[PDB]
Amino acid sequence: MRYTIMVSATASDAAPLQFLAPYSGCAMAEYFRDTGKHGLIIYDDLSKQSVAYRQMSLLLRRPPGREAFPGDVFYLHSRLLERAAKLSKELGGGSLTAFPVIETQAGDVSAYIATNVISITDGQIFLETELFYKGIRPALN
Amino acid sequence: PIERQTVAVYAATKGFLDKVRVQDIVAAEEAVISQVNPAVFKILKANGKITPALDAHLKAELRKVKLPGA
Amino acid sequence: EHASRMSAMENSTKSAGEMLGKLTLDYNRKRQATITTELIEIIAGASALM
Amino acid sequence: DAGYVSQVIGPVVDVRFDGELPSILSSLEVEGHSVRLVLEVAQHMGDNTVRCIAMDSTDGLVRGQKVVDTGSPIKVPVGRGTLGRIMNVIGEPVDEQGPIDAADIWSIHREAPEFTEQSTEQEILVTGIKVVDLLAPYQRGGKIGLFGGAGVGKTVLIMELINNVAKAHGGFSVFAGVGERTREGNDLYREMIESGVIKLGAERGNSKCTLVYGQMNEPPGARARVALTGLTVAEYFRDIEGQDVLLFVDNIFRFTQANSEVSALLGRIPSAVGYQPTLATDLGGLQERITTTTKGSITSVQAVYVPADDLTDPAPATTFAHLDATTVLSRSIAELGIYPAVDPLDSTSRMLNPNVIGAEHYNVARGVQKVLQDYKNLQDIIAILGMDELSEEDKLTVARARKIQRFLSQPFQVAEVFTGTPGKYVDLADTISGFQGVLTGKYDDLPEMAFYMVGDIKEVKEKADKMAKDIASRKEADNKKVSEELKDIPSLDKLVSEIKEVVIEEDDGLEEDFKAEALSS
Ligand SMILES: Nc1ncnc2c1ncn2[C@@H]1O[C@H](COP(=O)(O)OP(=O)(O)O)[C@@H](O)[C@H]1O
Ligand SMILES: [Mg+2]
């Protein structure tokens, strides 16, 4: 904890507050990137943010798309995740490393938010549950 | 009726209907319901249980029966 | 026997690859159809309110 | 001063208020109705109109009917005076034992406790069920989920958790029956009179349980708020009396289904597969109140129905992030006869860390799961070929897993009428000792069905020694017993003559009954 911030928008919090928590956690983490130091941001269940943002959009009567998600739900996660950069040397040379966490259902990476974040991010660490019970922990496919 | 169901299920679960061709088990139990005693159904309906005085007395009355093929 | 099981188990990996290919075409058709179906259900419920 | 009904569409009532609308979540009373009809304000529609959900049926509501604001949310009686009683969603007694004595009446709506008053203490709740306390052990003070589709055993498992955990523990219990069968709510009530958990009459204060019932026949407004009513009785016992509570919720799925049934009539465009847009935050507002705080402790056990055995479905999938132990029940385990039909791999607990349960419980549980996972990777090749090319390293892990599979089965003391077996309570040490025997080959010689539906490893040896007596005891009765007896298998009409012939009336006589019901009342 002497190096960690925890931004916590829990389950009882309002859906606007879970939508804004990866963005407000990123702005706290962008402080270290912009001042030459290095950051590590982890958006644990970025798939739970998108569910909170789908709640606000259907309630604001915005027109729904696939799995009732908005049109700008790719733009939701890309605008957040593209803030993780390695800066150039004339901007301090600082960095921010993002680890978005996406929960699949039955290992389906063709789900709509999962294909969005796979497009945005560089790699993926796929953890397969079948390797998890074989004793292979961390269950990295 | 429920007493002729349990007698026919007794004839299959107490091993009285192997040695019988599997194609004519449908016709085998049509004998078994008709060739056993019409008084053994009345006791099983009135008791509701196949009593110890009847589970031998019916399985020894499920031997005096003529089954097809055999 | 080992050399006819080898030709038999070659003919069944083809048959289990030809069947797998027809199932994946059938799965992609059902995958596309359930995305269209869930979306038409969502737009109909939205058009009934707007 | 009061409002009037402006619109009735199903279970959703619009009430127009000339001046000073009630707050959202507040309770309204329709006077002039045949029964007590309580509405609860869901939203302000905007033209001095609130939109409400009804806690009862809206058949017989009239536009223009006077609606009285109560000025607060739904208030239910809480305290010791509810122990032994069955409540409604609105706090009414439905057990016909008089009015409910109330220490206080509390709003069923409150916020989650805080982040500061959370409890970070993990101690195991021993349940006696050996598949639970080995592989996915429960936490004393944590949220427990029982997943599974229709008919896999969620209600038998939650009934066995009642008489194994709540039958002797320090605090009180609350059963919240949320939108399930009325028949099994009566079965649970009568079982707790006989078990002495609920005492009736003047011994009512010695009860240890409160039932709050909102079963399947109730409207979606009722079933959406029963879980909040039963939680409010559990929150009084935790916040005010400061003591440990057990809270059993049968199908927390029905809470999300009930909100989904009114949701489109509340003006919400639907979310994914058919649920409301507020699915995760309606569920999250409920589960965040069922917590161990610094005042007391609520050990929740929630059954979760998964629709069509689908754990991918959004209402079970949202529940998974709320629990500390997710016993997942599977149909494929139930179809083989292993009961409790717990998926030993899919069941996950947070008490399965080695620095919590020790190393000799963690390594047995991780060892049992490794042998069961390997067997499932061999069962692809056994069901095609048939285990004669399996290395005798792989043949031994098939025999070890098949013994492990049956040894997770256990007769339940409440399933004594489904399985004809008296139920077995297995201690935690006897479960660890048994599965460490089956893992390290200490019991490789015993048969496979000697492990099936037994208590512990000492009863496997008392069953393998029993079956090897009783298979070689087959040929005593083959050559005799057909004839020559002591004549207590007597003659034909000997057994027909004690038949007390009951008089049949040979006509129904209902038209004499139907006229007789006219003269009565
Ligand atoms: N532990 C068990 N032992 C024996 N039978 C069981 C057990 N659990 C479930 N069953 C069988 O499964 C049936 C359905 O179980 P139930 O408790 O109704 O589950 P659910 O509530 O999920 O439908 C029961 O009536 C019983 O026949
Ligand atoms: Mg049930």
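Basis: the model, the stated rules and, where named, an outside source; nothing here is a laboratory result. Because the Cβ atoms are built from the backbone with ideal geometry, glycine has one as well, and the counts that use them run over all protein chains shown.
Considering only residues of segment D:127-155 that are assigned to a loop (DSSP other than H, G, I, E, B) and more than 13 Å from the chain's Cα centre (by Cα), which is farthest from ligand 1 (Cβ to nearest atom)?
In the first step, residues of segment D:127-155 are kept if they are assigned to a loop (DSSP other than H, G, I, E, B); the result is D:127-129, D:136-137, D:140-142, D:149-153.
Keeping just the survivors that are more than 13 Å from the chain's Cα centre (by Cα) gives D:127-129, D:136-137, D:140-142.
Values: D:127: 13, D:128: 12, D:129: 9, D:136: 16, D:137: 18, D:140: 23, D:141: 25, D:142: 22 Å.
Ranking the candidates gives D:141 first.
Quick check: anything in segment D:421-432 touching a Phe, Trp or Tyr at 6+ places or on another chain (Cβ under 7 Å), within 15 Å of ligand 1 (Cβ to nearest atom) and more than 12 Å from residue D:131 (Cβ to Cβ)? First the steps, then the outcome.
Our first condition is that a residue be touching a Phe, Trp or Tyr at 6+ places or on another chain (Cβ under 7 Å); within segment D:421-432, this holds for D:423.
Then drop every residue that is not within 15 Å of ligand 1 (Cβ to nearest atom), which leaves D:423.
Narrowing further to those that are more than 12 Å from residue D:131 (Cβ to Cβ): D:423.
So far as segment D:421-432 goes, yes, one or more of its residues are touching a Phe, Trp or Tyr at 6+ places or on another chain (Cβ under 7 Å), within 15 Å of ligand 1 (Cβ to nearest atom) and more than 12 Å from residue D:131 (Cβ to Cβ).
Out of A:46, A:60, A:76, which single residue is buried (at least 21 other Cβ atoms within 10 Å of the Cβ) and either of a type in the set (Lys, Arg) or within 14 Å of chain D (Cβ to nearest Cβ) (or both)? Reasoning before the result, please.
Values: A:60 fails: buried (at least 21 other Cβ atoms within 10 Å of the Cβ); A:76 fails: either of a type in the set (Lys, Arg) or within 14 Å of chain D (Cβ to nearest Cβ) (or both).
Only one candidate passes the filter, namely A:46.
Have a look at D:145, D:128, D:141, D:151 and point out the one that is on the phi > 0 side of the Ramachandran plot, within 16 Å of ligand 2 (Cβ to nearest atom), in contact (Cβ under 8 Å) with a residue 60 or more places away in the chain and not assigned by CATH to the domain that holds residue D:23. Walk me through how you get there before you give the answer.
Values: D:145 fails: on the phi > 0 side of the Ramachandran plot; D:128 fails: within 16 Å of ligand 2 (Cβ to nearest atom); D:141 fails: within 16 Å of ligand 2 (Cβ to nearest atom).
Among D:145, D:128, D:141, D:151, only D:151 is on the phi > 0 side of the Ramachandran plot, within 16 Å of ligand 2 (Cβ to nearest atom), in contact (Cβ under 8 Å) with a residue 60 or more places away in the chain and not assigned by CATH to the domain that holds residue D:23.
Being among the small types (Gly, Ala, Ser) and on the phi < 0 side of the Ramachandran plot is the filter; apply it to segment D:154-180 and report the residue that is nearest to ligand 2 (Cβ to nearest atom). Break it down stepwise before answering.
At the first step, the residues of segment D:154-180 found to be among the small types (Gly, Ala, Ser) are D:166, D:168, D:170-171, D:173, D:176-177, D:179.
Retained after the next criterion (residues that are on the phi < 0 side of the Ramachandran plot): D:166, D:168, D:170-171, D:173, D:176-177.
Details: D:166: 18, D:168: 25, D:170: 28, D:171: 25, D:173: 18, D:176: 13, D:177: 10 Å.
Within segment D:154-180, the match that is nearest to ligand 2 (Cβ to nearest atom) is D:177.
Determine whether residue D:167 is among the basic types (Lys, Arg) and under 17 Å from the mean Cα position of the chain (by Cα). Talk me through it step by step, then tell me what you get.
Working: among the basic types (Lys, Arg): yes; under 17 Å from the mean Cα position of the chain (by Cα): yes.
Criteria met by residue D:167.
I'd like the residue in segment A:2-13 that is out of contact with any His (no Cβ under 9 Å at 6 or more places or on another chain) and surrounded by 14 or more Cβ atoms within 10 Å (Cβ to Cβ) and, out of all such residues, is farthest from residue A:94 (Cα to Cα). Can you show your working first?
So the first thing to find is which residues in segment A:2-13 are out of contact with any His (no Cβ under 9 Å at 6 or more places or on another chain), and the list is A:2-10, A:12-13.
Applying the additional criterion that residues be surrounded by 14 or more Cβ atoms within 10 Å (Cβ to Cβ) yields A:7, A:9, A:12-13.
Values: A:7: 21, A:9: 27, A:12: 35, A:13: 33 Å.
In this case the residue turns out to be A:12.
Here is a list of conditions, (1) surrounded by fewer than 20 Cβ atoms within 10 Å (Cβ to Cβ); (2) within 16 Å of ligand 1 (Cβ to nearest atom), and residue D:285 meets all of them except one; can you say which number that is?
Going through the list (1) surrounded by fewer than 20 Cβ atoms within 10 Å (Cβ to Cβ); (2) within 16 Å of ligand 1 (Cβ to nearest atom), residue D:285 breaks only (2).
Each row is one residue, and each column tells you yes or no for (1) facing another protein chain (nearest Cβ under 9 Å); (2) surrounded by 24 or more Cβ atoms within 10 Å (Cβ to Cβ).
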| position | (1), (2) |
| --- | --- |
| D:251 | no, yes |
| D:255 | no, yes |
| D:265 | no, no |
| D:313 | yes, no |
| D:318 | yes, no |
| D:342 | no, yes |
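Pick from segment A:104-141 the residues that are of a type in the set (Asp, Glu) and more than 30 Å from residue A:34 (Cα to Cα): which of them is surrounded by the fewest Cβ atoms within 10 Å (Cβ to Cβ)? Spell out the reasoning first.
Narrowing segment A:104-141 to residues of a type in the set (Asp, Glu): A:108, A:122, A:128, A:130.
Keeping just the survivors that are more than 30 Å from residue A:34 (Cα to Cα) gives A:108, A:128, A:130.
Working: A:108: 11, A:128: 13, A:130: 14.
The extreme case among them is A:108.
Identify the single condition in (1) surrounded by fewer than 19 Cβ atoms within 10 Å (Cβ to Cβ); (2) away from ligand 2 (no atom under 16 Å from the Cβ); (3) not aliphatic (A, V, I, L, M) that residue D:133 does not satisfy, given that it satisfies every other one.
Among (1) surrounded by fewer than 19 Cβ atoms within 10 Å (Cβ to Cβ); (2) away from ligand 2 (no atom under 16 Å from the Cβ); (3) not aliphatic (A, V, I, L, M), the lone unmet condition for residue D:133 is (1).
With a cut-off of at least 3 residues that are of a type in the set (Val, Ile, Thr), name the helices (runs of 4 or more DSSP H) lying wholly within segment D:353-470.
Working: elements: D:354-357, D:359-382, D:394-407, D:428-439, D:457-470.
Here the list reads D:359-382, D:394-407, D:428-439.
Among the residues of segment B:43-64, are any of a type outside the set (A, V, I, L, M, F, W, C) and away from every other protein chain (no Cβ under 14 Å)?
Kept after step one, since they are of a type outside the set (A, V, I, L, M, F, W, C), are these residues of segment B:43-64: B:45, B:47-49, B:51-52, B:55, B:57, B:59, B:61, B:63-64.
Those still in the list that are away from every other protein chain (no Cβ under 14 Å) too: none.
The answer is no, given that none of the residues of segment B:43-64 is of a type outside the set (A, V, I, L, M, F, W, C) and away from every other protein chain (no Cβ under 14 Å).
Within segment D:321-342, restricting attention to residues that are in a loop (DSSP other than H, G, I, E, B) and more than 17 Å from the chain's Cα centre (by Cα), which residue is farthest from ligand 1 (Cβ to nearest atom)? Please lay out each step first, then the result.
First, the residues of segment D:321-342 that are in a loop (DSSP other than H, G, I, E, B): D:323-324, D:330, D:335-341.
Remaining after also requiring more than 17 Å from the chain's Cα centre (by Cα): D:335-338.
On the way: D:335: 11, D:336: 12, D:337: 9, D:338: 9 Å.
Looking at residues that are in a loop (DSSP other than H, G, I, E, B) and more than 17 Å from the chain's Cα centre (by Cα), I get D:336.
Among (1) outside any helix (DSSP H, G or I); (2) touching a strand residue (DSSP E or B) at 6+ places or on another chain (Cβ under 6 Å), where does residue A:93 come up short?
Here residue A:93 meets the rest and fails (2).
If I ask for residues that are touching a strand residue (DSSP E or B) at 6+ places or on another chain (Cβ under 7 Å) and within 16 Å of ligand 2 (Cβ to nearest atom), which ones from segment D:251-268 would you list? I'd like the intermediate steps shown before the answer.
The initial filter retains those residues of segment D:251-268 that are touching a strand residue (DSSP E or B) at 6+ places or on another chain (Cβ under 7 Å), namely D:251-255, D:262, D:265-266.
Answer for segment D:251-268, where residues must be touching a strand residue (DSSP E or B) at 6+ places or on another chain (Cβ under 7 Å) and within 16 Å of ligand 2 (Cβ to nearest atom): D:251, D:252, D:253, D:254, D:255.
Can you name the condition, by its number, that residue D:477 falls short on among (1) more than 10 Å from chain B (Cβ to nearest Cβ); (2) more than 45 Å from the chain's Cα centre (by Cα); (3) among the hydrophobic types (A, V, I, L, M, F, W, C)?
Result: residue D:477 passes all but (1).
Determine, yes or no, whether residue D:292 is touching a residue at least 12 places away in the same chain (Cβ under 8 Å), away from ligand 2 (no atom under 16 Å from the Cβ) and outside any strand (DSSP E or B). Can you show your working first?
On the way: touching a residue at least 12 places away in the same chain (Cβ under 8 Å): yes; away from ligand 2 (no atom under 16 Å from the Cβ): yes; outside any strand (DSSP E or B): yes.
Taking the combined requirement at face value, the residue satisfies it.
Could you tell me whether segment D:389-405 includes any residue that is buried (at least 18 other Cβ atoms within 10 Å of the Cβ) and either closer than 23 Å to residue D:146 by Cβ or within 16 Å of ligand 2 (Cβ to nearest atom) (or both)?
Yes, some residue in segment D:389-405 is buried (at least 18 other Cβ atoms within 10 Å of the Cβ) and either closer than 23 Å to residue D:146 by Cβ or within 16 Å of ligand 2 (Cβ to nearest atom) (or both).
Report the residue count in segment A:79-111 for those that are of a type in the set (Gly, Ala, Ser) and within 14 Å of chain D (Cβ to nearest Cβ). First the steps, then the outcome.
Of segment A:79-111, the ones of a type in the set (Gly, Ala, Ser) are A:84-85, A:88, A:92-95, A:98, A:106-107, A:110-111.
Still in the running and within 14 Å of chain D (Cβ to nearest Cβ): A:106-107, A:110-111.
Number of matching residues: 4.
Quick check on my filter: what residues within segment D:11-24 are crowded, with 16+ Cβ neighbours inside 10 Å and not aromatic (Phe, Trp, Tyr)?
Looking only at segment D:11-24, we keep the residues that are crowded, with 16+ Cβ neighbours inside 10 Å, and these are D:11-17, D:21-22.
Answer for segment D:11-24, where residues must be crowded, with 16+ Cβ neighbours inside 10 Å and not aromatic (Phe, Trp, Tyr): D:11, D:12, D:13, D:14, D:15, D:16, D:21, D:22.
Could you please give the count of residues in segment D:181-223 that are closer than 11 Å to residue D:85 by Cα and within 16 Å of ligand 2 (Cβ to nearest atom)?
Counting residues in segment D:181-223 that are closer than 11 Å to residue D:85 by Cα and within 16 Å of ligand 2 (Cβ to nearest atom) gives 3.
Which of (1) out of contact with any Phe, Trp or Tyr (no Cβ under 8 Å at 6 or more places or on another chain); (2) farther than 14 Å from residue D:492 by Cβ; (3) of a type in the set (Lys, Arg) is the odd one out, the single condition residue B:42 does not satisfy?
(2)
Taking the conditions exactly as written (closer than 11 Å to residue D:236 by Cα, away from chain A (no Cβ under 14 Å), among the small types (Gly, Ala, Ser) and over 22 Å from the mean Cα position of the chain (by Cα)), does residue D:72 satisfy them or not? Break it down stepwise before answering.
Working: closer than 11 Å to residue D:236 by Cα: no; away from chain A (no Cβ under 14 Å): yes; among the small types (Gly, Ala, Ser): yes; over 22 Å from the mean Cα position of the chain (by Cα): yes.
No.
Working only within segment A:26-50, note down all residues that are aliphatic (A, V, I, L, M) and more than 12 Å from residue A:103 (Cα to Cα). Show your work before the answer.
Applying the first criterion (aliphatic (A, V, I, L, M)) to segment A:26-50 yields A:27-29, A:40-42, A:46.
Hits for segment A:26-50 are A:27, A:28, A:29, A:40, A:41, A:42.
Quick check on segment D:156-177. Is at least one of its residues within 13 Å of ligand 1 (Cβ to nearest atom) and among the basic types (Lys, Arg)?
Scanning segment D:156-177 turns up no residue that is within 13 Å of ligand 1 (Cβ to nearest atom) and among the basic types (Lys, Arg).
Tell me, which residue of segment D:326-344 that is hydroxyl-bearing (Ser, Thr, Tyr), more than 13 Å from residue D:410 (Cα to Cα) and in contact with a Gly (Cβ under 9 Å, 6 or more places away or on another chain) is nearest to ligand 2 (Cβ to nearest atom)?
D:327
Kindly provide the set of residues from segment B:1-38 that are surrounded by fewer than 12 Cβ atoms within 10 Å (Cβ to Cβ) and within 14 Å of another protein chain (Cβ to nearest Cβ), ordered by number.
Of all residues in segment B:1-38, those surrounded by fewer than 12 Cβ atoms within 10 Å (Cβ to Cβ) come to B:1-2, B:5, B:9, B:13, B:15, B:18-19, B:22-23, B:26, B:34, B:38.
Matches in segment B:1-38: B:15, B:38.
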